[PDB]
>>> print(open('protein_11.cif').read())   # mmCIF, C-alpha atoms and all ligand atoms
data_target
#
loop_
_atom_site.label_atom_id
_atom_site.label_comp_id
_atom_site.auth_asym_id
_atom_site.auth_seq_id
_atom_site.Cartn_x
_atom_site.Cartn_y
_atom_site.Cartn_z
CA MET A 1 0.00 0.00 0.00
CA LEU A 2 1.59 3.26 -1.20
CA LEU A 3 0.11 5.72 1.33
CA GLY A 4 1.60 8.76 3.04
CA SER A 5 1.09 12.49 3.44
CA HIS A 6 2.51 15.94 3.00
CA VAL A 7 5.59 16.04 5.28
CA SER A 8 8.13 18.72 6.24
CA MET A 9 11.04 19.70 3.97
CA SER A 10 12.87 22.12 6.26
CA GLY A 11 15.76 22.79 8.61
CA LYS A 12 19.26 21.35 8.31
CA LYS A 13 17.95 17.82 7.61
CA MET A 14 15.68 18.73 4.63
CA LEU A 15 14.91 15.44 2.75
CA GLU A 16 16.34 13.32 5.63
CA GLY A 17 13.79 15.05 7.93
CA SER A 18 10.99 14.31 5.42
CA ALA A 19 11.84 10.59 5.48
CA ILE A 20 12.11 10.47 9.30
CA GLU A 21 8.71 12.18 9.60
CA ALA A 22 7.07 9.89 7.01
CA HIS A 23 8.35 6.83 8.94
CA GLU A 24 7.07 8.36 12.24
CA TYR A 25 3.56 8.33 10.72
CA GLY A 26 3.79 4.77 9.28
CA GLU A 27 3.96 5.96 5.66
CA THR A 28 5.35 4.15 2.58
CA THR A 29 5.54 7.30 0.39
CA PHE A 30 5.30 11.04 1.02
CA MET A 31 5.00 14.43 -0.67
CA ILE A 32 7.16 17.50 -0.12
CA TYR A 33 7.35 21.05 -1.30
CA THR A 34 11.04 21.81 -2.05
CA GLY A 35 10.87 24.73 0.45
CA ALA A 36 8.16 27.09 1.72
CA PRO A 37 4.84 26.34 -0.09
CA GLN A 38 4.14 30.15 -0.10
CA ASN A 39 7.22 31.31 -2.03
CA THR A 40 9.90 30.46 -4.62
CA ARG A 41 12.89 30.80 -2.24
CA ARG A 42 14.90 27.55 -2.35
CA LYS A 43 18.10 26.09 -0.95
CA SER A 44 20.80 24.65 -3.22
CA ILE A 45 20.45 21.02 -4.40
CA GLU A 46 23.41 20.14 -2.05
CA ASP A 47 21.55 21.64 0.96
CA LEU A 48 18.46 19.46 0.19
CA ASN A 49 20.50 16.63 1.85
CA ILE A 50 19.30 14.11 -0.80
CA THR A 51 21.87 11.30 -0.32
CA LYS A 52 21.00 11.03 3.43
CA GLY A 53 17.28 11.39 2.58
CA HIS A 54 17.56 8.45 0.15
CA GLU A 55 19.42 6.34 2.76
CA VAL A 56 16.62 6.90 5.31
CA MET A 57 13.95 6.21 2.62
CA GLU A 58 15.67 2.87 1.86
CA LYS A 59 15.91 2.02 5.59
CA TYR A 60 12.18 2.71 6.21
CA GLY A 61 10.59 1.37 2.96
CA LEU A 62 9.64 4.79 1.54
CA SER A 63 9.37 5.00 -2.27
CA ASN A 64 7.56 6.76 -5.13
CA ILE A 65 7.76 10.17 -3.46
CA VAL A 66 6.08 13.27 -4.84
CA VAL A 67 7.00 16.97 -5.15
CA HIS A 68 4.39 19.77 -5.05
CA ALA A 69 5.20 23.14 -6.65
CA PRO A 70 4.47 26.12 -4.38
CA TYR A 71 0.79 27.14 -4.41
CA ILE A 72 1.78 30.72 -5.48
CA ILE A 73 2.82 29.53 -8.99
CA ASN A 74 0.37 31.01 -11.51
CA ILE A 75 1.38 30.41 -15.13
CA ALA A 76 -2.27 31.28 -16.06
CA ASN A 77 -1.66 34.94 -15.13
CA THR A 78 -2.00 36.98 -18.34
CA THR A 79 -1.75 40.50 -16.80
CA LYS A 80 1.12 40.17 -14.25
CA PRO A 81 4.13 39.26 -16.39
CA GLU A 82 6.54 39.07 -13.43
CA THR A 83 4.31 36.32 -11.96
CA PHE A 84 4.17 34.37 -15.25
CA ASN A 85 7.94 34.76 -15.79
CA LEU A 86 8.73 33.71 -12.19
CA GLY A 87 6.50 30.63 -12.59
CA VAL A 88 8.30 29.53 -15.77
CA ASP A 89 11.76 30.12 -14.24
CA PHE A 90 10.80 28.41 -10.96
CA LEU A 91 9.34 25.33 -12.67
CA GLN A 92 12.50 24.85 -14.81
CA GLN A 93 14.56 24.88 -11.56
CA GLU A 94 11.96 22.65 -9.84
CA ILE A 95 12.33 20.02 -12.60
CA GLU A 96 16.12 19.95 -11.95
CA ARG A 97 15.60 19.71 -8.13
CA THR A 98 12.94 17.00 -8.59
CA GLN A 99 15.22 14.92 -10.88
CA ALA A 100 17.88 15.05 -8.10
CA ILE A 101 15.27 14.15 -5.42
CA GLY A 102 14.11 11.22 -7.61
CA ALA A 103 10.36 12.01 -7.66
CA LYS A 104 8.55 11.17 -10.93
CA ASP A 105 5.99 14.02 -10.73
CA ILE A 106 5.69 17.67 -9.67
CA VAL A 107 2.11 18.49 -8.66
CA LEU A 108 1.08 21.87 -10.07
CA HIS A 109 -2.15 23.83 -9.66
CA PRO A 110 -2.82 24.75 -13.31
CA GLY A 111 -3.38 28.39 -12.34
CA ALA A 112 -5.98 31.10 -11.85
CA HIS A 113 -7.15 33.35 -14.70
CA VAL A 114 -7.67 36.30 -12.24
CA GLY A 115 -10.45 37.81 -14.43
CA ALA A 116 -8.99 37.23 -17.94
CA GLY A 117 -11.29 34.17 -18.32
CA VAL A 118 -10.73 30.43 -18.81
CA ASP A 119 -9.72 30.61 -22.50
CA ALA A 120 -6.98 33.25 -21.88
CA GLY A 121 -5.79 31.41 -18.76
CA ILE A 122 -5.58 27.99 -20.47
CA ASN A 123 -3.70 29.54 -23.42
CA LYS A 124 -1.28 31.11 -20.91
CA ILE A 125 -0.73 27.80 -19.01
CA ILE A 126 0.00 26.09 -22.36
CA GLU A 127 2.52 28.83 -23.19
CA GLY A 128 4.21 28.47 -19.78
CA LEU A 129 4.34 24.64 -19.91
CA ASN A 130 5.81 24.81 -23.44
CA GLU A 131 8.60 27.07 -22.00
CA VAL A 132 9.18 24.66 -19.07
CA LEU A 133 9.12 21.29 -20.91
CA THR A 134 11.43 22.56 -23.78
CA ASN A 135 14.42 20.91 -21.98
CA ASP A 136 14.75 17.06 -22.02
CA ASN A 137 14.45 15.15 -18.72
CA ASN A 138 11.71 12.59 -17.68
CA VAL A 139 10.18 14.40 -14.63
CA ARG A 140 6.47 15.04 -15.30
CA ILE A 141 4.19 17.89 -14.25
CA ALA A 142 1.07 16.46 -12.58
CA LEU A 143 -1.71 19.00 -13.16
CA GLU A 144 -3.96 18.94 -10.07
CA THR A 145 -7.73 18.58 -10.32
CA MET A 146 -8.99 21.80 -8.64
CA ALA A 147 -12.15 22.68 -6.68
CA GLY A 148 -13.10 25.65 -8.92
CA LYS A 149 -12.73 28.19 -6.11
CA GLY A 150 -12.26 31.75 -7.41
CA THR A 151 -10.74 31.78 -10.92
CA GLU A 152 -8.98 28.39 -10.60
CA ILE A 153 -8.45 26.47 -13.83
CA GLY A 154 -8.56 22.68 -13.60
CA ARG A 155 -12.07 22.38 -12.05
CA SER A 156 -13.11 19.94 -14.84
CA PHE A 157 -11.41 17.08 -16.65
CA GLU A 158 -12.21 19.02 -19.87
CA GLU A 159 -10.09 22.00 -18.70
CA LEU A 160 -7.17 19.66 -17.89
CA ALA A 161 -7.60 17.95 -21.32
CA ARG A 162 -7.44 21.36 -23.07
CA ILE A 163 -4.06 22.06 -21.40
CA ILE A 164 -2.78 18.55 -22.29
CA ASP A 165 -3.93 18.96 -25.93
CA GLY A 166 -2.16 22.34 -26.35
CA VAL A 167 1.25 21.38 -24.88
CA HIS A 168 3.82 20.12 -27.42
CA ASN A 169 5.68 17.67 -25.11
CA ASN A 170 2.39 16.53 -23.54
CA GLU A 171 3.84 13.06 -22.71
CA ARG A 172 5.55 14.96 -19.83
CA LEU A 173 2.13 15.80 -18.32
CA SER A 174 0.23 13.74 -15.79
CA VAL A 175 -2.70 14.44 -13.43
CA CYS A 176 -2.94 14.59 -9.66
CA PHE A 177 -6.45 13.47 -8.66
CA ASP A 178 -7.52 15.20 -5.41
CA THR A 179 -10.65 13.73 -3.80
CA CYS A 180 -11.63 16.98 -2.03
CA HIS A 181 -11.16 19.08 -5.16
CA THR A 182 -13.11 16.76 -7.47
CA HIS A 183 -15.95 16.47 -4.88
CA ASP A 184 -16.06 20.26 -4.38
CA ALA A 185 -16.04 20.78 -8.20
CA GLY A 186 -19.17 18.59 -8.43
CA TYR A 187 -17.88 15.06 -9.23
CA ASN A 188 -19.75 12.32 -7.33
CA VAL A 189 -16.65 10.64 -5.87
CA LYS A 190 -18.72 9.71 -2.77
CA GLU A 191 -21.34 7.49 -4.45
CA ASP A 192 -20.20 7.11 -8.09
CA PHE A 193 -16.39 6.99 -7.95
CA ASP A 194 -16.15 4.35 -10.72
CA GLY A 195 -18.44 6.57 -12.86
CA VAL A 196 -16.08 9.50 -12.20
CA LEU A 197 -13.10 7.31 -13.26
CA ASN A 198 -14.96 6.23 -16.42
CA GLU A 199 -15.55 9.94 -17.28
CA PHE A 200 -11.85 10.58 -16.56
CA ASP A 201 -10.89 7.63 -18.80
CA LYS A 202 -13.01 9.08 -21.69
CA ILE A 203 -11.57 12.63 -21.40
CA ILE A 204 -7.92 12.08 -20.24
CA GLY A 205 -7.13 8.44 -19.37
CA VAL A 206 -6.92 7.04 -15.83
CA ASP A 207 -3.36 5.85 -16.71
CA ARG A 208 -2.35 9.56 -16.54
CA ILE A 209 -3.26 9.78 -12.81
CA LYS A 210 0.23 9.55 -11.26
CA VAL A 211 -0.56 11.08 -7.82
CA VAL A 212 -3.71 10.81 -5.68
CA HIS A 213 -4.49 13.29 -2.92
CA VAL A 214 -6.73 11.77 -0.25
CA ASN A 215 -8.75 14.46 1.53
CA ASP A 216 -12.26 14.67 2.96
CA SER A 217 -14.16 17.98 2.50
CA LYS A 218 -15.84 20.39 4.93
CA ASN A 219 -18.46 21.13 2.22
CA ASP A 220 -20.99 19.28 0.11
CA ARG A 221 -20.53 18.20 -3.49
CA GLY A 222 -20.20 21.15 -5.89
CA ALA A 223 -19.52 23.75 -3.13
CA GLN A 224 -16.22 24.85 -4.82
CA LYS A 225 -14.71 25.84 -1.40
CA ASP A 226 -11.51 23.69 -1.08
CA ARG A 227 -11.51 23.24 2.70
CA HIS A 228 -10.00 19.86 3.55
CA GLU A 229 -11.39 17.67 6.32
CA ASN A 230 -9.98 14.67 8.19
CA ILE A 231 -10.75 11.27 6.66
CA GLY A 232 -14.36 10.28 7.41
CA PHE A 233 -15.26 13.58 9.16
CA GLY A 234 -16.46 15.44 6.05
CA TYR A 235 -19.02 15.20 3.25
CA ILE A 236 -17.17 12.44 1.35
CA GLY A 237 -16.94 10.12 4.39
CA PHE A 238 -14.96 7.06 5.37
CA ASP A 239 -16.54 4.38 3.19
CA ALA A 240 -16.01 6.42 0.01
CA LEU A 241 -12.43 7.51 0.88
CA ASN A 242 -11.45 3.99 1.99
CA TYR A 243 -12.83 2.64 -1.32
CA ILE A 244 -10.70 5.18 -3.26
CA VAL A 245 -7.54 4.48 -1.20
CA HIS A 246 -7.77 0.71 -1.83
CA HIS A 247 -8.98 1.02 -5.47
CA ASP A 248 -7.21 -1.29 -7.96
CA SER A 249 -6.87 1.64 -10.45
CA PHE A 250 -4.52 3.33 -7.91
CA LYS A 251 -2.52 0.19 -6.67
CA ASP A 252 0.93 1.48 -7.74
CA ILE A 253 0.08 5.23 -7.51
CA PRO A 254 1.20 7.17 -4.41
CA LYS A 255 -1.75 8.26 -2.24
CA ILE A 256 -1.03 11.41 -0.22
CA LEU A 257 -3.10 12.76 2.70
CA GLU A 258 -3.37 16.58 2.89
CA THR A 259 -5.83 16.55 5.79
CA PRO A 260 -5.95 19.29 8.42
CA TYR A 261 -4.18 19.20 11.75
CA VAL A 262 -6.41 18.83 14.82
CA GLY A 263 -6.17 20.97 17.95
CA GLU A 264 -8.04 22.98 20.57
CA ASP A 265 -6.44 26.15 19.09
CA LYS A 266 -3.84 27.03 16.48
CA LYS A 267 -0.89 26.69 19.03
CA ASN A 268 -1.93 23.07 19.75
CA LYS A 269 -2.50 21.67 16.20
CA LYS A 270 -1.20 18.09 15.74
CA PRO A 271 -0.86 16.00 12.57
CA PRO A 272 -3.64 13.50 11.81
CA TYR A 273 -1.78 11.33 9.30
CA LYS A 274 -0.53 8.53 11.57
CA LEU A 275 -4.03 7.82 12.90
CA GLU A 276 -5.74 8.32 9.49
CA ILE A 277 -3.32 5.81 7.90
CA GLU A 278 -3.99 3.31 10.73
CA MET A 279 -7.76 3.69 10.11
CA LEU A 280 -7.41 3.27 6.31
CA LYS A 281 -5.16 0.19 6.75
CA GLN A 282 -7.70 -1.33 9.16
CA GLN A 283 -10.61 -0.38 6.81
CA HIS A 284 -12.65 0.62 9.90
CA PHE A 285 -13.75 4.17 10.72
CA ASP A 286 -12.58 5.46 14.12
CA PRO A 287 -15.13 8.00 15.43
CA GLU A 288 -12.57 9.00 18.13
CA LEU A 289 -9.89 10.00 15.58
CA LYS A 290 -10.11 13.81 16.12
CA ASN A 291 -10.24 13.37 19.91
CA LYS A 292 -7.15 11.08 19.68
CA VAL A 293 -5.20 13.31 17.24
CA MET A 294 -5.50 16.20 19.78
CA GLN A 295 -4.19 13.82 22.54
CA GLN A 296 -1.01 12.69 20.67
FE FE B 1 -2.26 21.11 -4.30
FE FE B 2 -4.23 18.42 -3.24
ZN ZN B 3 -7.31 21.70 -1.54
#
>>> encode(input="protein_11.cif", output="structure tokens", more="lines below")
Ligand SMILES: [Fe+3]
Ligand SMILES: [Fe+3]
Ligand SMILES: [Zn+2]
Amino acid sequence: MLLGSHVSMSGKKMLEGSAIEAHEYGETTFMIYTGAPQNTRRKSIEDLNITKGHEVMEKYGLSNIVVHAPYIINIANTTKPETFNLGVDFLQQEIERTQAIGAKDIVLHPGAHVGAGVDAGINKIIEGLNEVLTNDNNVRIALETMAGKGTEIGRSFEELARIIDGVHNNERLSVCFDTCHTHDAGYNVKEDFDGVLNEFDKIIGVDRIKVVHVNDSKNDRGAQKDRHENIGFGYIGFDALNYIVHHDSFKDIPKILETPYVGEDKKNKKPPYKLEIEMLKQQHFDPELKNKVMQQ
């Protein structure tokens, strides 16, 4: 079972710390940002501490790890050229970092059209990806399914297919399927997950899903709000998320929790991943999970 979470990529230990943390939570894979998720500031490849990170991954049975690009990348931005240019430059550097880390995919939010409209934004993403994937290398960009909050592009499989169709080196594209995002966009992942996969197979191809993000939602189907919830405590629920986690279509695809920390206040937030993974491995919902996460 290839199941883990977002983990830290910080401090002196960098990737070694990621691997230690993933093992702490009983993971077999994990996802990192290559630095702060909120910016493009990054340490040198040497300071990512990759050789030691790989040694700890080998010791603890961690494989198939994932990189996520910072959430501030917006290569759909048609009216702020410094933002577009920074996104292109950053992603070229991220591909080099990711090759060194040994992840197959960089998860990328396609972007936000910020009032220029979907057509202009998709054309801009295509332009940016054509700049980024010009260089040869096998790391893929995994376009994330998005909730459709604000001016996000990627709320439908059709929007993702338009980007894939426009990019020249489109073999270097994959998809990251996020259960919260697809639910919030309106896909019936709770009660018709196989129907959602069949729609995905028609439009894109399920073989292109190279990362799965496993998140419940604080909102009902179609709400377009993108507020993650702990596994089984939201509007998708345990049975549906457990079904997705164990689904044969995803057997050799890393599954990554991005669920919220639990705490009595923001100074006491604790990670839920260890207990969520235990629950998913047992295939039995634990109503006490939030109470127990706070007690860790
Ligand atoms: Fe994301
Ligand atoms: Fe996600
Ligand atoms: Zn989200």
>>> atom_distance(input="protein_11.cif", atom1="CA of residue 81 in chain A", atom2="CA of residue 119 in chain A")
17.4 Å
>>> residues_near_ligand(input="protein_11.cif", ligand="ligand ZN 3 (chain B)", cutoff="12 Å", atoms="only C-alpha atoms and all ligand atoms", output="ChimeraX atom specification")
/A:71,108-109,144-149,152,155,176-185,213-219,224-229,257-260
>>> residues_around(input="protein_11.cif", residues="residue 187 in chain A", least_positions_apart="5", cutoff="9 Å", atoms="all atoms listed in the file", output="PyMOL selection string")
chain A and resi 156+181-182+192-193+196+221-222
>>> residues_near_point(input="protein_11.cif", point="(2.7, 12.5, 5.7)", cutoff="6 Å", atoms="all atoms listed in the file", output="list in words")
residues 4, 5, 6, 7, 22, 30 and 273 of chain A
>>> residues_around(input="protein_11.cif", residues="range 241-243 of chain A", least_positions_apart="2", cutoff="10 Å", atoms="all atoms listed in the file", output="ChimeraX atom specification")
/A:179-180,189-190,193,214-216,231-232,236-239,245-248,279-285
